[PDB]
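Ideal geometry is used to build each Cβ from the backbone, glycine not excepted, and the neighbour counts take in all protein chains shown. Bear in mind that the values in this text are calculations on the coordinates, not laboratory data.
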Amino acid sequence: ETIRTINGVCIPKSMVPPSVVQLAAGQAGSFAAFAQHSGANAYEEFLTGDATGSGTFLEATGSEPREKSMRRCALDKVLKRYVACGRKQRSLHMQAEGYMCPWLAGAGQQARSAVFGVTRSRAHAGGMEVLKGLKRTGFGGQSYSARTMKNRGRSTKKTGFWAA
RNA sequence: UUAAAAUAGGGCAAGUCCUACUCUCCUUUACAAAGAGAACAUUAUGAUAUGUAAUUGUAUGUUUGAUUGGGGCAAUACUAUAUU
Ligand SMILES: [Mg+2]
Ligand SMILES: [Mg+2]
């Protein structure tokens with residue numbers, strides 16, 4: 001809705017330049033980047049794409065020379081894939097146990113107390129608590145946060161760039 | 001002699017769809033290595049090290065050829081005797 005600053009004053013949408021909007025949507029691991037990938041407005045984006053293009057069902061149309069040869073398209077595909085390093089987008093994954101049912105134990109937020117026989121656990125709460133020894137033990141499995149390790153995801157060094 | 005891309009020449013198992021397998025990429029609770037740290041023994045309750053002590057962890061490797069199975073062989077030969 002209305003964007004409020006630190007002081008609490010409102011900023012109109014005309015004041016925000018488009019470079020900032022592309023910045024928020026470009027920030028990985030955010031809702032804006034996820035909304036761009038999965039569709040910010042499915043009904044609105046479909047009609048927008050349908051109008052800007054030739055048509056939803058129209059194919060190989062002529063507007064009111066010679067087409068590109070197959071030997072050219074093959075050469076253009078090689079120069080795009082192996083020289084310009086242009087790749088296609090991939091999918092984003094989601095927890096299946098939580099996506100199917102949000103109010104189960106696979107999603108988390110269990111209101112039960114697993115530890116029995118203590119009186120301090122019921123008082124200690126909060127989103128961030130104190131855990132002793134995480135620097136040497138970790139959560140278990142994956143412990144580093146994002147953008148910590150090298151050559152992760154599409155930037156793998158096992159199969160090269162074009163393999164992704 | 002001049003000018004034209006019609007053919008030859010100048011690289012091409014290609015394009016779309018469906019199915020299946022794999023690679024890649026994510027997850028850790030088990031497999032091997034892990035460069036990080038610990039704890040312990042020894043001299044001191046003050047420092048440098050060596051270990052036969054390491055059962056902790058995070059990136060890395062692997063994780064669908066089961067014949068490494070199943071059969072058969074089963075002391076009391078030979079000549080006789082009795083029993084169920
Ligand atoms: Mg590990
Ligand atoms: Mg692994």
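Of note:
- Model label sites at A:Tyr43 and A:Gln89, defined 7 Å from Cα along the beta-carbon direction, differ in position by 2.2 nm.
- Here the extension length gained between A:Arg72 and A:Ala105 equals 6.3 nm, from 0.36 nm per residue of separation less the Cα-Cα distance.
- Measuring between alpha carbons in the structure, the pairs from A:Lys88/A:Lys158; A:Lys88/A:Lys135; A:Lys132/A:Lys158; A:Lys80/A:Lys158; A:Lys80/A:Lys157; A:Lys13/A:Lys80 lying more than 27 angstrom apart are A:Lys88/A:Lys135; A:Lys132/A:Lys158; A:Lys13/A:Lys80.
- Base-10 log of normalised Debye intensity for segment A:23-81 (one unit scatterer per alpha-carbon) at q = 0.25 Å⁻¹: -0.94
- Cβ-derived FRET efficiency at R0 30 Å, A:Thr5 paired with A:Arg81, nearest 0.05: 0.05
- Point-charge dipole on Cβ atoms (K/R +1, D/E -1) for segment A:1-150, about Cα centre, debye to 20: 1120
- With eigenvalues of the C-alpha gyration tensor scaled by 5 and rooted, chain A, Å: 45, 27, 19
- Test item: Cα-centred dipole of segment A:112-155, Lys/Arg +1 and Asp/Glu -1 on Cβ, debye: 220
- About its Cα centre, segment A:89-164 has a charge dipole of approximately 480 debye under the convention of +1 per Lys or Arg Cβ and -1 per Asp or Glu Cβ, with nothing else charged.
- Fully extended contour minus Cα-Cα distance, from A:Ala51 to A:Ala28, at 0.36 nm per residue: 5.3 nm
- Mean projected area in nm² (Cα convex hull; one quarter of hull surface) for segment A:94-155: 6.8
- Since only A:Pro18, A:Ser30, A:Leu79 are under comparison, the one whose Cα sits farthest along the positive direction of the charge dipole of segment A:16-112, derived from C-beta charges on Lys, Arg, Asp and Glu, is A:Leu79.
- Kirkwood-type hydrodynamic radius, segment A:44-113: 18.1 Å, calculated from all non-identical alpha-carbon pairs.
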